[PDB]
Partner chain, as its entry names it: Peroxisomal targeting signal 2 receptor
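One chain is shown next in structure tokens, namely the form solved without the partner chain.
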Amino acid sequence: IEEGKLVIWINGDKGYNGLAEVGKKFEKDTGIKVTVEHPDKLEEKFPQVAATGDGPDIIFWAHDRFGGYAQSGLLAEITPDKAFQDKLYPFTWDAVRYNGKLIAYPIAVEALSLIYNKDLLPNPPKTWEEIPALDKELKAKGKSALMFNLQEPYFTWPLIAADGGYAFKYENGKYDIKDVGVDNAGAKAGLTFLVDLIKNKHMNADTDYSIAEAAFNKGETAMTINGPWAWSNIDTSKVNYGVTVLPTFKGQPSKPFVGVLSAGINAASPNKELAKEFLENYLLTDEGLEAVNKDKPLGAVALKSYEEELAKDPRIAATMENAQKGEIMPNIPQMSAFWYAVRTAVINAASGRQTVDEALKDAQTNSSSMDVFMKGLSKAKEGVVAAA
């Protein structure tokens, strides 16, 4: 029963309940119902469902996915006037431009930070290199040094990029998809450090988002790596935590990929004007962002008037410090292939099924191949064998 309502998709780690509250206010004033959903793998489902009755009117995701959506014709060009554009930071609009056109509304700037338990660890490590020794000390006390999601390359990228890894070479506003940097010396060093941590029993190759979060919020591990959305669950656990700069590697800052959470409008929605009214007049206001932020923190928001309030938060300062040491994600269509390729490399290397060099060599080859994700799905289905 989605006909005649605004349907919104947003990731399940974000403040979907707070977003729903904004939706209730919109409905109160306009009579238009707003249904917020948080399907799994929504970023992969969108292209499969956008044209159907199950497609959302509005989709929230980091800006990196939107170029591929726009290439496929799945997103409407948005039409904010100059007065509205002036309300958000200019660099956030840049993140949602594709072939010269605005294709989403920027919401917040997300970057990973080091999150640490101040009771277990008053002075967090400045370097990745000191982490093995630190884990040894904590293991003796029945604790561990560090746990974070090893199944999503988003979380390992800061380390892979620290000493020189890169996705696609950038020059003069353009990315060269033939110049991939996931298999250079810097990338190799980072992933090798990670794999060594696993070989030496300082981390488990199977650690995922849930496992790491439970471990940190139960006080079992001294550190985790995560974004602003995770601060809320840590609050509930009453763990005394700090949010700080990521450790350095080979004396170089970890360099997270920075995402701008953005709201795109489905090109097939018959309610694009209403979606625009909701996004500009309800969500992107102090009251709207406050409701979402109160649910799960957004990070550094794109709306100047509300960032003015949040800027005093030292956790946001750390977020922006890590963000500025990192790099903005490209939004080119090839990003989906790059992410899948790197995800495969990290997982195969961590589990020991491939060496670092083999894994990253394959990642480089596959990073521009658009068929990689679909080919991945086929492998999971195994397939049959003929009698002849």
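Numbering follows the first chain given and starts at 1. By rigid core we mean the largest C-alpha set that fits within 1.5 Å across both forms.
Here the subject shifts to the form solved in complex with the partner chain, a form of this protein not shown in this document.
Under the 4.5 Å heavy atom criterion, name the residues of 185-200 that approach the partner chain in the bound PDB entry, in sequence order.
Heavy-atom contacts within 4.5 Å come from no residue here.
Can we say the CA of residue 33 moves by at least 2 Å between this form and the one not shown when the core is superposed?
Indeed, residue 33 is displaced by 2 Å or more.
On a core-based superposition, does residue 105 travel 2 Å or more at its Cα between this form and the one not shown?
Where the cores coincide, residue 105 still shows a C-alpha shift between this form and the one not shown that is 2 Å or more.
Against the shown form, C-alpha atoms of residue 83 and residue 323 in the bound PDB entry: closer or farther, for a change of 3 Å or more?
Closer is correct, given that in the bound PDB entry the C-alpha spacing of residue 83 to residue 323 is reduced by at least 3 Å.
Can you confirm the direction of the Cα distance change for residue 210 and residue 59 in the bound PDB entry, closer or farther than in this form, given it is 3 Å or more?
Here the pair is closer than in the bound PDB entry; there, farther apart.
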